[PDB]
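Here is the structure we will look at.
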Amino acid sequence: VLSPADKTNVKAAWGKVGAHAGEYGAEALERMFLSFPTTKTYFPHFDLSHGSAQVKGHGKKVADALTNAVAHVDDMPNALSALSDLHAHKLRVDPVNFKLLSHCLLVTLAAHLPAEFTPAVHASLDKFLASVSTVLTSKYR
Amino acid sequence: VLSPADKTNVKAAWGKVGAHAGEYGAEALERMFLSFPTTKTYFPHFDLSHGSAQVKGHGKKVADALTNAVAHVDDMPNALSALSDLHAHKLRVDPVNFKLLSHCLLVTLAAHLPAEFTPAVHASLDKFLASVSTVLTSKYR
Amino acid sequence: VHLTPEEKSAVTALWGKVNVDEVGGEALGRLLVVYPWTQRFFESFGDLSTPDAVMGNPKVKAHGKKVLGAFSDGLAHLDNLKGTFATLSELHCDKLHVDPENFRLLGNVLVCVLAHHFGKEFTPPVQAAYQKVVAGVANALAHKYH
Amino acid sequence: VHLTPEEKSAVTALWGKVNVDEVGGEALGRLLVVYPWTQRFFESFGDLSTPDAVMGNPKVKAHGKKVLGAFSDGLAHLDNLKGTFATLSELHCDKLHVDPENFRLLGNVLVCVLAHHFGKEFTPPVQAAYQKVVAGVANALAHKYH
Ligand code: HEM
Ligand code: HEM
Ligand code: HEM
Ligand code: HEM
């Protein structure tokens with residue numbers, strides 16, 4: 001559950017991603033696939049090579065989905081219902097993988113947004129990604 | 001995140017619990033303390049012996065809290081705000097312990113209400129207790 | 001895993017009443033229903049689309065019997081679980097890449113099934129003994145991760 | 001932990017640039033802020049009431065130095081993390097009963113702090129190598145649980 005301060009922090013920090021959405025999302029995926037190779041099993045027919053245009057395109061989708069989540073942060077299950085059906089119902093992604101990607105998103109934001117990534121904002125971003133993860137791993141239709 | 005059917009299952013199951021709510025809460029606590037002795041560190045001054053009136057009194061508090069949560073299943077953060085502050089802010093309970101108590105509550109329900117404890121109801125109750133746990137381990141003031 | 005003589009006696013007494021043709025399938029089935037991502041590992045098992053479909057699935061029942069057999073074997077080798085489960089650990093970790101939290105979940109679903117079946121016999125001290133056992137089995141299965 | 005010579009070289013090179021006096025405190029501090037229940041283990045450390053108080057707390061900074069030192073000891077002997085951390089494992093597991101998920105959390109907080117400090121230099125391959133290290137350290141710390 002996010003505090004009012006958490007929502008403020010996330011909106012501010014994620015708001016700085018902007019046109020770097022695809023870039024940051026792609027970097028987070030690449031970090032996940034490299035650091036935690038079991039996660040590649042969910043993408044059996046992807047080009048997961050370094051600099052892959054397919055991962056860059058997928059990075060933009062993930063980042064845009066996080067933008068969607070921020071714009072609906074008080075009502076996320078209804079805003080992400082399509083993504084929940086995909087990840088929980090269709091793909092059956094083990095919840096541990098969301099912790100791995102969330103960590104890699106934090107690493108990416110830490111590496112690109114040093115002024116923004118204070119301990120407080122770090123905490124709020126972690127909670128936000130955990131909330132998003134809970135929604136995407138739940139079946140609630 | 002609970003489905004509409006999850007909420008119905010939880011209300012129906014906890015309803016069957018009825019007047020035994022307190023007895024079951026005490027039993028779940030006893031199960032937790034015995035099965036997972038590290039949890040006793042949160043109750044250092046408690047009489048934790050079998051039959052403890054103090055444990056019995058605390059079990060009724062836990063059960064009444066769950067009854068309240070069931071009654072406000074659509075609005076649990078607001079309904080449990082005081083309890084969240086107690087467990088997450090004051091007591092600083094490690095989230096693993098909520099998984100342990102939740103399990104012991106399921107074991108208690110299974111032992112007492114085997115006909116009611118169908119696989120679908122088991123699933124809904126597990127999700128409900130996880131949702132309660134997420135609220136009680138969150139600081140959102 | 002060390003059990004007191006009292007714990008060993010109580011564990012053995014309860015296990016003797018377990019229906020070895022059914023309980024493993026009930027535990028596995030409830031795992032697939034309660035924690036639905038675990039179904040990804042059993043795509044070949046056919047219909048898992050509803051709780052009724054899962055629990056009545058012949059392949060779930062048959063495989064559950066093997067799982068229960070592993071738990072039964074473990075009960076006889078509590079001092080050497082890492083040895084006993086070495087082959088299974090290599091399968092579940094190195095080949096299948098099952099996240100080890102799921103081993104903990106299955107063990108606790110088994111405990112819930114024992115509670116369901118035996119009610120007042122599944123006392124808090126009996127549960128505590130079984131928690132030691134299923135933690136030992138989960139740890140041994142996860143050994144390749146340690 | 002199995003690091004290639006290339007991975008070990010990358011890890012060692014970066015660690016040579018890590019501030020011995022500050023980075024451990026930054027990691028421990030962020031652990032306490034991001035995962036507040038961990039504060040329960042540090043009652044005697046004084047003021048942990050706000051993020052600023054935590055990060056400015058002299059005892060957090062001082063204890064952080066010891067934590068970083070242990071990671072450093074791990075890097076010095078990657079082939080014997082279990083032996084290096086045996087005493088610390090007894091402490092954290094048998095004495096303090098820290099749930100071992102928190103070991104993983106602190107390792108990943110450290111990784112975040114390295115990324116924060118080094119920016120673009122903390123490439124995905126450098127991270128992957130560090131993830132092997134912090135997973136090894138967490139496993140070694142948790143050895144008494146296994
Ligand atoms: C914050 C967490 C996540 C977000 C916001 C997210 C978002 C998305 C989005 C927007 C899509 C595309 C949806 C569409 O095409 O309609 C997608 C697809 C997908 N996601 Fe994620 N995802 C997350 C976590 C994960 C994780 C942890 C995994 C597995 C390790 C995963 C596996 C997949 C797969 C396999 C696809 C489909 C790829 C394909 O075959 O086209 N997701 N996700
Ligand atoms: C379903 C999850 C839980 C529920 C519904 C719950 C509910 C409650 C309630 C109603 C109280 C009494 C508050 C008051 O009247 O002042 C309480 C107190 C407390 N809870 Fe829980 N709780 C849960 C999980 C846990 C867990 C997992 C732990 C630790 C293992 C824990 C540790 C405590 C402690 C230490 C107290 C205060 C006891 C005292 O010193 O008086 N709680 N809880
Ligand atoms: C925690 C206790 C567990 C025990 C005692 C256990 C035991 C077993 C046994 C005896 C087998 C058969 C091995 C063989 O045929 O050579 C097996 C296979 C398998 N297990 Fe488990 N298991 C456990 C947990 C899990 C979990 C949590 C999963 C998650 C999905 C899992 C996934 C599988 C799969 C996919 C197979 C192969 C099925 C096939 O033949 O297609 N296991 N397990
Ligand atoms: C995962 C990597 C970790 C490392 C490398 C590490 C390292 C250390 C070291 C070197 C000490 C000092 C030992 C001594 O003075 O004899 C220590 C003490 C301690 N650690 Fe950690 N630790 C880790 C994780 C954790 C976590 C996650 C927690 C709690 C959430 C924790 C709680 C403590 C406490 C309470 C002490 C004693 C503090 C005191 O003296 O009052 N440790 N640790």
Side-chain angles (χ1 to χ4, degrees), chain A residues 1-32 55-88 91 93 95 97-138 140-141, chain B residues 1-2 74-78 84 131 134-135 137-141, chain D residues 30 33-36 51 108-109 112 115-116:
Chain A
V1 187
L2 301 174
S3 76
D6 287 327
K7 299 171 190 181
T8 298
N9 288 339
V10 167
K11 282 171 183 165
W14 185 257
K16 302 214 165 59
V17 171
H20 299 270
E23 178 193 348
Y24 290 4
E27 175 178 331
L29 288 173
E30 179 175 6
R31 289 177 181 283
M32 183 186 66
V55 166
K56 165 67 253 321
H58 210 71
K60 183 178 164 47
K61 297 179 189 175
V62 173
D64 288 351
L66 293 178
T67 298
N68 178 18
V70 169
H72 305 86
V73 73
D74 288 327
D75 191 18
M76 283 197 285
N78 267 1
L80 302 176
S81 60
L83 285 182
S84 163
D85 200 69
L86 177 62
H87 288 86
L91 298 166
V93 181
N97 297 285
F98 284 78
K99 297 177 177 180
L100 303 181
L101 180 57
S102 294
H103 167 65
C104 289
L105 283 159
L106 291 183
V107 169
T108 300
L109 296 174
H112 285 274
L113 300 168
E116 208 75 26
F117 199 77
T118 68
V121 168
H122 178 175
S124 300
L125 287 164
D126 183 79
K127 291 178 62 176
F128 170 70
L129 294 174
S131 291
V132 170
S133 297
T134 297
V135 173
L136 297 201
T137 57
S138 296
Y140 50 91
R141 68 141 78 112
Chain B
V1 187
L2 296 163
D74 301 316
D75 190 46
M76 291 200 280
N78 276 329
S84 164
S131 289
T134 292
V135 177
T137 51
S138 295
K139 299 162 72 174
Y140 50 95
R141 298 156 89 88
Chain D
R30 284 174 181 263
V33 171
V34 176
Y35 311 105
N108 282 349
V109 170
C112 287
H116 193 214

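The figures that follow rest on heavy atoms only: side chains count, while hydrogens, waters and symmetry mates do not. Note on naming: letters A, B, ... go to the chains in the order of the sequence lines (proteins, then strands), and numbering restarts at 1 for each one.
In this structure, SG in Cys104(A) is found 11.0 Å from CG in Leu129(A), a value given to the nearest 0.5 Å. For the atom pair OG of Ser3(A) and NZ of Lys7(A), the computed distance is 8.0 Å after rounding to the nearest 0.5 Å. Of the inter-residue distances, the one linking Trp14(A) atom CH2 with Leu105(A) atom CG reads 6.0 Å to the nearest 0.5 angstrom. For the atom pair NE2 (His20(A)) and CG (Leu113(A)), the distance works out to 9.0 Å, reported to the nearest 0.5 Å. The structure places CG of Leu101(A) at 10.5 Å from NE2 of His103(A), a figure rounded to the nearest 0.5 Å. Here the CG-CG distance, from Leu136(A) to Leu80(A), works out to 5.5 Å after rounding to the nearest 0.5 Å.
Here the closest non-hydrogen pair linking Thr137(A) and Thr134(A) is OG1-O, 3.3 Å. Of all the heavy atoms in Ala21(A) and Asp64(A), the pair that sits closest is CB-OD1, 4.0 Å. For the pair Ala69(A) and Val132(A), the tightest heavy-atom approach, listed with the atom from each and the gap, is CB-CG2, 4.0 Å. When every heavy atom of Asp85(A) is checked against every heavy atom of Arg141(A), the shortest pair comes out as OD1-NH2, 2.5 Å. The shortest heavy-atom contact between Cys112(D) and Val107(A) is SG-CG2, 4.1 Å. Heavy atoms only, all atoms of each residue included: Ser131(B) and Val1(B) are closest at OG-N, 4.4 Å.
The backbone N or O of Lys139(B) sits less than 3.5 Å from a side-chain atom of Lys127(A), completing a donor-acceptor pair. With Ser84(B) contributing its side chain and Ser138(B) its backbone, the two residues share a donor-acceptor pair below 3.5 Å. Listed for the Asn9(A) side chain is a donor-acceptor partner under 3.5 Å among the backbone atoms of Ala5(A). Under the 3.5 Å distance criterion, the side-chain polar atoms of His87(A) are matched with a main-chain donor or acceptor of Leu83(A). At distances below 3.5 Å, at least one donor-acceptor pair connects side-chain atoms of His72(A) with backbone N or O atoms of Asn68(A). In this structure, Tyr140(B) contributes its side chain and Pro4(A) its backbone to no donor-acceptor pair below 3.5 Å.
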Could you go through the side chain to side chain contact (heavy atoms under 4.5 Å, CB included) check for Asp6(A) and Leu125(A) one step at a time? CA-CA 8 Å; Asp6(A) 287 327; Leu125(A) 287 164; over 6 Å; no
Please report the C-alpha distance between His122(A) and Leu106(A) in whole Å, then the side-chain angles of each, then the deciding distance to 0.1 Å, and finally whether the side chain to side chain contact (heavy atoms under 4.5 Å, CB included) criterion is met. CA-CA 8 Å; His122(A) 178 175; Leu106(A) 291 183; 4.1 Å; yes
May I have the step-by-step check of side chain to side chain contact (heavy atoms under 4.5 Å, CB included) for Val10(A) and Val73(A), ending in yes or no? CA-CA 10 Å; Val10(A) 167; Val73(A) 73; 5.8 Å; no
With ring pair (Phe, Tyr, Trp, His ring centres under 6.0 Å) as the test, would you mind laying out the steps for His112(A) and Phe117(A) before giving the verdict? CA-CA 9 Å; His112(A) 285 274; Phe117(A) 199 77; over 10 Å; no
List the steps, then state whether side chain to side chain contact (heavy atoms under 4.5 Å, CB included) holds for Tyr24(A) with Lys60(A). CA-CA 8 Å; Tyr24(A) 290 4; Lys60(A) 183 178 164 47; over 6 Å; no
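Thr108(A) has its side chain within reach of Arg31(A): a pair of non-hydrogen atoms, C-beta onward, lies under 4.5 Å apart. Side-chain contact between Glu30(A) and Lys56(A) is absent, with no heavy atoms from C-beta onward closer than 4.5 Å.
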